[PDB]
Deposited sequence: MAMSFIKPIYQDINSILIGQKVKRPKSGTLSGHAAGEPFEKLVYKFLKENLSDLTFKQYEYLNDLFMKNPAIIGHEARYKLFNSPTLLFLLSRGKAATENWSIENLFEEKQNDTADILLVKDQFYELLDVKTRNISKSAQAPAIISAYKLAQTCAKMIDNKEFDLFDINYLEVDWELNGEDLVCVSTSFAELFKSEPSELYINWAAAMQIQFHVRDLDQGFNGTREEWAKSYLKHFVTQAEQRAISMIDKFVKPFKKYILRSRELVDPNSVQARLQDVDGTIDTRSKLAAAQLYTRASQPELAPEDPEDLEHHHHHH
């Protein structure tokens, strides 16, 4: 995390700003103004990577520029989009992209999401399944010291016509207890939580985090299958008889 060591600073600049989505642009702005050389939006990182490798043409070749199957899986775009890419056909911000912001330096990747809220309902974080896949690849490729998925919550309060930042929170996914992670299966299998109160006491490595998270996903997967029978089958059986 390149953000933790300057989170003091980020908090204080964010506290008192006024406009809740417009808030993440102020996080980007600040980070770009202060960590310029390592601050990227995801489509921007991809553009930079590919521009800097003009000889690397076509999807299969460019897929090799990541030299990480986990990072190829989290950060890369699809075969065709990676094929059709050129200096005249650059990538553009897409919501479907994994990270709000990318911070990279000395081969380390900090995937960062900004979450904005008033004072209610837990946002989508990542597909529980997409995470399981991330973990599997981590473990398979022993990529335990490559990336973090961290979060920044901007808490705002209404004010006339303005919205004002009351406070900020920061959390690191790999510092959380995997089993405390709420999975909303129906809602695109999205892990949901508020950054402000995501547990931060996990005392293992990313390897132990990945194993522990796979245990949780597998567990909940089993639990959902069972829950589906109780919720979606049993009650409706009486109408077929």
Deposited-sequence ranges lacking C-alpha coordinates, in sequence order: 1 to 3, 23 to 35, 136 to 138, 261 to 317
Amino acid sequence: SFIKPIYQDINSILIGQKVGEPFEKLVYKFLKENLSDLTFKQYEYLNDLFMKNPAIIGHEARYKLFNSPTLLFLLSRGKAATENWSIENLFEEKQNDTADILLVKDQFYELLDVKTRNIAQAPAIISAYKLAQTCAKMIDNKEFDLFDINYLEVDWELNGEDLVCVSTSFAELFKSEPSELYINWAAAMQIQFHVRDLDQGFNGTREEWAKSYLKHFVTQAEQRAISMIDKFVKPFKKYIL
From here on, numbers count along this sequence of modelled residues.
Greater mean Cα temperature factor according to the PDB record, 162 to 170 or 125 to 133: 162 to 170
Residue stretch of maximal mean CA temperature factor, 225 to 233 vs 6 to 14: 6 to 14
Out of 28, 209, 193, 50, highest CA B-factor residue: 28
Residue with highest C-alpha B-factor in the PDB entry, from 35, 186, 181, 214: 35
Third of the chain, ranked by Cα B-factor, where residue 77 sits: lowest
Position of residue 202 among the chain's modelled residues by C-alpha B-factor, lowest, middle or highest third: middle
Residue 104 - which third its CA temperature factor falls in, relative to the rest of the chain: middle
Chain-wide C-alpha B factor ranking for residue 149, given as lowest, middle or highest third: lowest
Residue 83, C-alpha B-factor rank within chain (lowest, middle or highest third): lowest
